[PDB]
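Trainee: the amino acid sequence is not available; the structure is as follows:
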Ligand code: CLA
Ligand code: CLA
Ligand code: CLA
Ligand code: CLA
Ligand code: CLA
Ligand code: CLA
Ligand SMILES: CC1=C(/C=C/C(C)=C/C=C/C(C)=C/C=C/C=C(C)/C=C/C=C(C)/C=C/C2=C(C)CCCC2(C)C)C(C)(C)CCC1
Ligand code: SF4
């Protein structure tokens, strides 16, 4: 059971990384700004800063408080 | 072989960080200035080319 | 050989040709700026790709661009 | 209106004791480089391959393995000793190719008659997207 | 030597580091203070401390030698024939040192992998050990025999030998504990000594290659114009990352750490297994670990099991007692050491691009500082990484050693 | 003090044979004749490779197949009764 | 059986050598 | 303890998603490199100008995200394995009490359960667990080996290689043999991939050996 | 003042130096007489000599250090392993010769001596010469291994 | 031209970088010389076929080894007191204690204990004898062909 669980979870992680890698490859190679004017795909490149900053805030908050609680218990 | 009162004792240079260098003393446009202040603190050879002053320091 | 390009945002201060470690860049007469000069790259087969020219460009974004390309025995700096 | 100078094989070389940073099999199989200059007095200079050498007064000749080495030596000469120089590229078959200053006028000075190579009459931000040049042998630049 | 401050500093640093290592080696086998041999924690702490100080000073010597080579070298007015001749055949020196390092690494560490494979396959009779294939250090045993017989023959004025570790046979016990006694040498000492030699040779190779090629090379003929501390010369020539003399010191610090850690581990295990112990009324010696160094240290699995796993139970069980500070420092140093890999494995461009997004939201709320935030430089990032790495490793070893040796 | 020449580039580029010797053969004619007569068939690089592959494949396989347990412990097989695993498993 | 005494050396020593020789010859070829 | 480990898992997921999304969105260019789309998906750098541009491509953004994925999956698998081991042994209280602090993890999961692994072969004999201990050490070796490619960079190695060519060319009885391809050090992008591969292989092999041996020694 | 180390052949701009290790008369005589430096002799004979010398050598380590060193089959196993190693080396030599040399081209060996005298280039640097050398090496290696085995375990000589 | 056949720029590299980069860009059909969309799609289709064939061969090999060297028939009778066998071991480097230690289950020699759960999966879906596994392996070989 443990072997199957670990195997499948690691494979899923690798596949999840590959999905984002190929998404970036698509953005570099196949994206056409003119044909995709002001649609859902183009409007995410407009406010990328907000998404990145909010992700950074969430990560920092989670890490800060989890590490603080663990060190306090230790 | 000594010199009488080479340098005056004053607090003037305390209020001007980076006085030892011409570039650093200009001002902190970016945050690299703060790091460059500490990395070149004790490099007396970069401050001046006079061997006597380096030996005295 | 690598590819080196010059764009018409040039101001002709001759800073790129002086920083070239080989003989790749040179200056030619031009009209379109106060200095009446523009850079050129006639000897890109001697390019090594250290990108010292881009370290000397004062324009906001570079008026000289180096694109790394097929490698030869000259562009790899080999003296075997 | 400029003819390249000829290379004189009888030019003496500077005084050097030898080193392990000299030529190798690439010089025998491929090209190597020769740099010549004229000195007003005998003086000591730093070799690009390591060590120190004494240049002779008058014509001097030297063989090197790379264009970077000879250009660095020439830059040092012009900066410190104020000496004019030229260097060549020599092929294994026996042909000599004159390389620098290639005009008699140094590159940093604008000289009429030079042709423009690699000039793009636009800003760097006007390059087309990679999708517009797909399935073709061309690139976004040089277009 | 009367005009440059850096050369004198390099020479003095090298000599001082060598002297510190000599002092560390001499203090343990010739206890100069009363009731010091039976205080095991003090002996271990002093030994490790002085070894680390000597290593750091030795590295600094090479660093300042490279600094002098870059800055103050001038053949026009300060010509020297000996320095000129060395720089004219550096390729042979570097190639020979490379071959020596490769040979020592193959013929020292390779014997450990052979023993592990033979033990795993079930063939204990095909291993390099005292019972199957002996590799005896016959030269050191001859020195021990000569020094044990020195009084009365070559030192008539002496009554006893200089040290009790030479093999005289006499044992000194103070307060029921063993102070000093003869130390045997076998197959394991051969392997560990050759490991020490291999590590030292690699460190010397790195530092000397950094010093010798400080001014120029076949790759970058004008390296002296770029200075002593510069990150690179661009992605050209296939890549020119870490070509400066500063990067060679940055790289050799890791190898110094490795060598000193191996040496201190050898010292600790050997003293705990063959020297330290307790004596009874009948005069039977019971060592701390029971003399398992001879047969267990010949494999990497033995080092992992009988040394790292067995002796770390003191620090991981120190919670709730007066030794819990060492237990906290163990995990703190683990965290500090692991934290350094972020600076070493990554690059500046990613962090500069990430900051741009963070600055955007500060501009939205009118909290953007006028001192524009910039990512750390390449050299600064490398320095931070190496500093945190060294601090974490040394603190971990310190906590482990103190927690183990204070309890037992 | 002239080290550059265009009509002679062999000396200019250092194309020398440092230790090559042009002395005649020191071996006996009869021994040499015997060696050329008997070692001739192995001088064809096309056939030598195939012969080496076939011989190595046939010799290595034949030895392994007919090996006796007195040499290979794995050819001898187990000689002790097996022991039960955890939880009373085979 | 006796098959493992043949197939194991055949796969571990002979085929790798043949493949390596052929691949080296192929990658070292020029026209 | 489930609360704490679940929040750690969430932190790992959020950080990995942040890295991957930042890499994907800034692929066409940014303020530091406005024309990144003209240089392709994978390229080493843009030189030391403008402060330095180390790891500026999207390929390096993917390369930095593999470590975080490995860390998150390691945390998840550690949690699962410890919880199920404690459940199977019938001593669930140990996990309940010892999982609220990190020293509890280090002492009651890694140190305690690795006794049978490191005793596969000893100076007294061996048993059926020898191969798992050998794989444990092999994975440690590969994982440590990846650090050489990850930490040291190219310019140190090209200079070292340049001397070996001279040594070979100047050695008698050996200069009669010459190469066909000129030896060079590994490129900037290649070394990152090699180090990442070594890191991942060591991680996977070491954890697999530990997990399998620790479960099978106790429960068959 | 007298000096020992000299630039190679008087040319200080070639990356080599002349030292007693390289240019001693004893060392110069010793190296010129090795079979690998006899450029005017049939490559087959030089290959045979090299094969014999190397094949005689390889028996000892295999015999004394092999897994069957403490059994009655030590010598046969060591000789068989030495023969296998000789076969592998012959395969490597054949592959190198095939990959490096092309049929019909002239030799690439230098045709100038240290004193400037012209000489015929060595024929070892051609396809036919290398094939002859490899065949001679194989034959000599097999013969040397056989001779070493015969001397060691067919004649009861008081060795060791 | 030489290796790689699909890259003119790499084939003229005089260094060892030609081999390393030649291996690492084989399956990037988009960057090959004289490439079109149709050729790209056809190459992708062929690669998918090859991947399916490889998967079928792998499964067939697993089944054949379990049938030939396993203990499936005795495991069926007593599932809870038998350790499944993956395959046999023939290592010339083994010593005698290694041969003794790895001889477990009902095997007559060294073996490996399977941890992939193939025994329970095959037992659940109705396979009961060694003759079934041989037929499955043959069918999978036919599918791969
Ligand atoms: C154990 C090692 C370690 C640690 C602790 C971290 C921690 C972190 N990484 Mg990280 N990383 C690591 C290894 C590590 N990484 C490795 C090996 C890689 C691969 C190269 C990466 C790649 C990576 C990327 C790509 C990114 C991160 C990011 C982050 C941060 C977001 C997580 C968070 O919530 O912050 C929690 C905060 C902390 C844990 C900091 C604790 C603060 C304490 C109180 C400092 C106290 C200072 C001292 C005691 C006081 C002065 C004393 C004096 C002596 C100094 C976080 C600081 C992200 C980031 O920076 O953006 C958000 C990001 O984008 N990491
Ligand atoms: C007698 C000993 C001695 C002396 C006098 C010097 C003197 C010098 N060294 Mg030096 N050095 C030494 C030993 C010595 N070194 C040793 C042993 C090493 C090897 C490790 C080095 C390695 C070294 C390098 C690599 C460099 C120098 C440089 C220099 C010069 C500039 C110093 C400077 O700006 O530092 C400024 C000092 C600091 C920034 C302080 C560093 C802070 C330390 C590392 C962290 C301590 C952690 C601490 C425990 C945490 C608490 C923090 C707190 C705020 C909470 C100066 C001439 C530099 C130079 O010449 O450049 C041209 C240079 O690049 N040295
Ligand atoms: C008073 C100053 C100030 C203010 C109002 C903010 C406000 C903000 N920061 Mg922030 N920040 C600051 C200083 C400040 N920061 C400093 C000095 C640093 C460098 C350590 C950072 C580093 C930072 C990061 C890395 C991130 C933010 C983010 C954010 C936003 C999310 C809210 C939050 O709690 O983030 C968390 C805030 C912190 C972790 C900052 C730490 C607290 C600092 C040390 C307080 C120092 C105040 C300073 C000394 C003022 C002196 C006043 C005195 C002169 C009277 C929010 C708009 C996040 C965001 O959304 O991205 C845009 C995010 O990811 N900040
Ligand atoms: C995966 C395939 C594989 C196989 C099947 C073997 C098999 C063997 N190895 Mg081995 N090995 C391998 C991989 C392999 N190895 C790898 C990858 C390494 C590197 C880590 C080693 C490193 C290694 C060492 C260091 C040693 C072995 C030894 C042995 C032999 C065990 C002792 C014995 O029976 O002596 C009996 C041996 C003989 C009677 C003579 C040798 C067998 C044949 C007859 C020699 C001639 C074969 C053929 C003509 C030449 C090659 C043909 C070519 C096409 C391959 C055995 C034949 C030991 C040994 O004795 O080697 C000689 C030994 O000391 N191996
Ligand atoms: C555990 C990881 C690890 C390992 C194994 C090594 C190993 C090595 N490093 Mg190193 N290094 C590491 C981490 C590591 N490093 C890290 C983290 C850094 C910091 C960036 C460095 C920085 C560094 C520098 C700066 C230098 C080295 C050098 C060397 C080499 C020393 C000379 C030599 O050949 O040794 C002997 C080799 C070994 C002991 C490794 C082989 C292990 C055994 C023998 C395997 C043998 C298998 C056998 C060949 C059969 C294989 C066949 C196959 C089919 C299985 C050696 C290969 C130096 C170098 O280039 O050479 C002089 C050098 O200058 N390293
Ligand atoms: C450098 C480390 C090292 C050394 C010295 C050895 C040594 C040995 N191993 Mg071994 N091994 C090692 C690493 C090492 N191993 C590693 C890392 C592994 C794991 C991959 C193994 C796995 C392994 C196995 C599985 C087996 C061995 C075995 C053996 C023994 C037999 C080897 C043999 O047949 O002769 C090999 C030697 C030669 C063919 C010739 C060597 C001659 C040397 C090079 C001298 C030449 C230099 C000379 C002085 C130059 C002179 C200059 C000139 C001018 C004259 C031998 C004692 C076998 C055994 O039974 O052990 C008892 C065995 O079965 N090893
Ligand atoms: C009924 C029910 C329910 C429901 C649930 C749900 C509804 C869920 C959901 C879920 C979800 C909702 C999920 C999601 C996910 C997502 C993801 C995972 C994503 C990803 C992404 C990506 C990967 C991207 C990519 C890209 C890019 C980046 C760019 C270009 C384009 C593309 C697209 C390629 C519950 C359980 C409550 C309860 C019970 C009942
Ligand atoms: S990249 Fe380097 S070599 Fe090429 S033109 Fe610019 S400065 Fe000159």
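Mentor: Cool, the structure landed. Residues are numbered from 1 along each chain as shown, chains lettered A, B, ... in the order given. Ligands and ions are numbered 1, 2, ... in the order given.
Trainee: gap between the residue nearest in space to the middle of chain A and residue B:31?
Mentor: The centre of chain A sits closest to residue A:20, judged by Cα atoms, centre = their mean, with a distance of 7.5 Å. Separation of residue A:20 from residue B:31 (Cβ to Cβ, to the nearest Å) stands at 31 Å. In this view, the C-beta of every residue, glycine as well, is placed from N, C-alpha and C.
Trainee: from residue D:9, how far out is residue F:12?
Mentor: Distance, residue F:12 to residue D:9, using Cβ to Cβ: 9 Å.
Trainee: who touches both of these two?
Mentor: Shared contacts of residue F:12 and residue D:9 (Cβ atoms under 8 Å, 6 or more residues apart in numbering or on different chains): F:4-6.
Trainee: tally up the residues packed near the closest residue to ligand 5 within the stretch 101-250 of chain E, please.
Mentor: The minimum distance from the stretch 101-250 of chain E to ligand 5, using Cβ to the nearest ligand atom, falls at residue E:105 (2.5 Å). Around residue E:105 sit 16 other residues, with neighbours defined as other Cβ atoms under 10 Å in any protein chain shown.
Trainee: look up the closest residue to it, ignoring the ones flanking it.
Mentor: Once flanking residues are discounted, residue E:105 sits nearest to residue E:198: 5.4 Å by Cβ to Cβ, 6 or more residues apart in numbering or on different chains.
Trainee: now the one you found. Its backbone dihedrals?
Mentor: Note on residue E:198: backbone dihedrals following degrees, to the nearest 10 are phi -60, psi -50.
Trainee: wait, what's in contact with it?
Mentor: Contact analysis of residue E:198 by Cβ under 8 Å, 6+ apart lists E:101, E:104-105, E:108-109.
Trainee: now swap in residue D:99 and tell me
Mentor: Contacts of residue D:99 (Cβ under 8 Å, 6+ apart): C:23, D:67, D:87-89.
Trainee: buried stuff in stretch H:160-178?
Mentor: Residues H:160-163, H:165-167, H:170 are the ones in stretch H:160-178 that count as buried (16 or more other Cβ atoms under 10 Å in any protein chain shown).
Trainee: is that stretch in proximity to ligand 6?
Mentor: No: Stretch H:160-178 lies apart from ligand 6 when judged by Cβ under 6 Å from any ligand atom; the minimum separation is 9.8 Å.
Trainee: what's the end-to-end length of that stretch?
Mentor: Using Cα to Cα, to the nearest Å, the end-to-end distance of stretch H:160-178 comes out at 19 Å.
Trainee: which residue does chain A have closest to chain C?
Mentor: Going by Cβ to the nearest Cβ, chain C is nearest to residue A:28 of chain A, at 15.5 Å.
Trainee: what do you get for chain H?
Mentor: Closest point on chain H to chain C, by Cβ to the nearest Cβ, is residue H:47, at 3.6 Å.
Trainee: number of nearby residues for that residue?
Mentor: By other Cβ under 10 Å, 21 other residues sit near residue H:47.
Trainee: before we move on, what about the one 3 residues further on?
Mentor: The criterion is other Cβ under 10 Å. On that basis, residue H:50 has 16 neighbouring residues.
Trainee: now do the contacts for it.
Mentor: Going by Cβ under 8 Å, 6+ apart, residue H:50 touches residue H:32.
Trainee: so it sits in a helix?
Mentor: Yes: under DSSP: H, G, I helix; E, B strand; the rest coil, residue H:50 falls within a helix.
Trainee: distance of it from ligand 3?
Mentor: Using Cβ to the nearest ligand atom, to the nearest Å, one gets 22 Å for the distance from residue H:50 to ligand 3.
Trainee: report the buried residues of stretch H:25-34.
Mentor: Buried, per 16+ other Cβ under 10 Å, within stretch H:25-34: H:25-28, H:30, H:32-33.
Trainee: ah, wrong one, I meant stretch J:71-82
Mentor: For stretch J:71-82, a neighbour-count test (16+ other Cβ under 10 Å) marks J:71-72, J:75, J:82 as buried.
Trainee: now swap in stretch E:308-317 and tell me
Mentor: E:309, E:311-312, E:314-317.
Trainee: just stretch I:97-114 next, same as before
Mentor: Buried, per 16+ other Cβ under 10 Å, within stretch I:97-114: I:97-101, I:107, I:109-112.
Trainee: tell me which of these fall in helices.
Mentor: Using DSSP state H, the members of the buried residues of stretch I:97-114 that fall in helices are I:97-100.
Trainee: export the buried residues of stretch H:160-178 to TSV and tack on distance to residue F:37?
Mentor: Formatted as TSV, the buried residues of stretch H:160-178 follow (distance: Cβ to Cβ, whole Å):
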residue	distance to residue F:37
H:160	50
H:161	47
H:162	48
H:163	47
H:165	42
H:166	43
H:167	41
H:170	39
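Trainee: how about those in CSV, adding secondary structure and distance to residue E:366?
Mentor: Below are those laid out as CSV (DSSP: H, G, I helix; E, B strand; the rest coil; distance: Cβ to Cβ, whole Å):
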residue, secondary structure, distance to residue E:366
H:160, helix, 54
H:161, helix, 55
H:162, helix, 56
H:163, helix, 59
H:165, helix, 61
H:166, helix, 63
H:167, helix, 64
H:170, coil, 69
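Trainee: and the residues you listed near chain D, which?
Mentor: Filtering the buried residues of stretch H:160-178 for proximity to chain D by Cβ under 8 Å from any Cβ of the partner chain leaves H:165-166.
Trainee: any idea which of the buried residues of stretch H:160-178 is closest to ligand 5?
Mentor: Distance to ligand 5 across these (Cβ to the nearest ligand atom) is lowest for residue H:160, with 6.1 Å.
Trainee: list the contacts of the closest one.
Mentor: E:94, E:98, E:209.
Trainee: how about stretch E:304-322, does it reach chain H?
Mentor: Yes: using Cβ under 8 Å from any Cβ, stretch E:304-322 reaches chain H at E:304-305, E:309, E:312-313, E:316-317, E:319.
Trainee: tell me the secondary structure for whichever residue of chain H sits closest to ligand 3?
Mentor: With Cβ to the nearest ligand atom as the measure, residue H:18 is the residue of chain H nearest to ligand 3, at 9.8 Å. Under three-state DSSP, the three-state class of residue H:18 is helix.
Trainee: now do the contacts for it.
Mentor: Counting by Cβ under 8 Å, 6+ apart, residue H:18 touches A:52, A:55-56, A:59.
Trainee: for those, which one is nearest chain J?
Mentor: Taking the contacts of residue H:18 together and measuring to chain J by Cβ to the nearest Cβ, the closest member is residue A:52, at 28.6 Å.
Trainee: does the closest one count as helix, strand or coil?
Mentor: Here residue A:52 is recorded as helix under three-state DSSP.
Trainee: what's the closest of the contacts of residue H:160 to residue E:166?
Mentor: Taking Cβ to Cβ as the measure, residue E:98 is the one of those closest to residue E:166, at 37.5 Å.
Trainee: count of neighbours near the closest one?
Mentor: 18.
Trainee: residues touching residue 14, list them.
Mentor: All of this refers to chain A. Here residue A:14 is in contact with residue H:69 (Cβ under 8 Å, 6+ apart).
Trainee: my bad, chain G
Mentor: When contacts are taken as Cβ under 8 Å, 6+ apart, residue G:14 is in contact with F:53, F:56-57, F:60-61.
Trainee: ok, and of the buried residues of stretch J:71-82, which contact chain F?
Mentor: By Cβ under 8 Å from any Cβ, the members of the buried residues of stretch J:71-82 lying near chain F are residue J:82.
Trainee: buried ones in the biggest helix by length in chain B, by neighbour count?
Mentor: Counting by DSSP H, the longest helix found in chain B is helix B:32-39. Buried positions in helix B:32-39, judged by neighbour count with 16+ other Cβ under 10 Å: B:32-33, B:36-37.
Trainee: just stretch D:16-30 next, same as before
Mentor: For stretch D:16-30, the neighbour count (16+ other Cβ under 10 Å) marks D:16-28 as buried.
Trainee: stretch H:209-220 close to chain E?
Mentor: No: against chain E, stretch H:209-220 shows no contacts by Cβ under 8 Å from any Cβ, the least distance being 12.6 Å.
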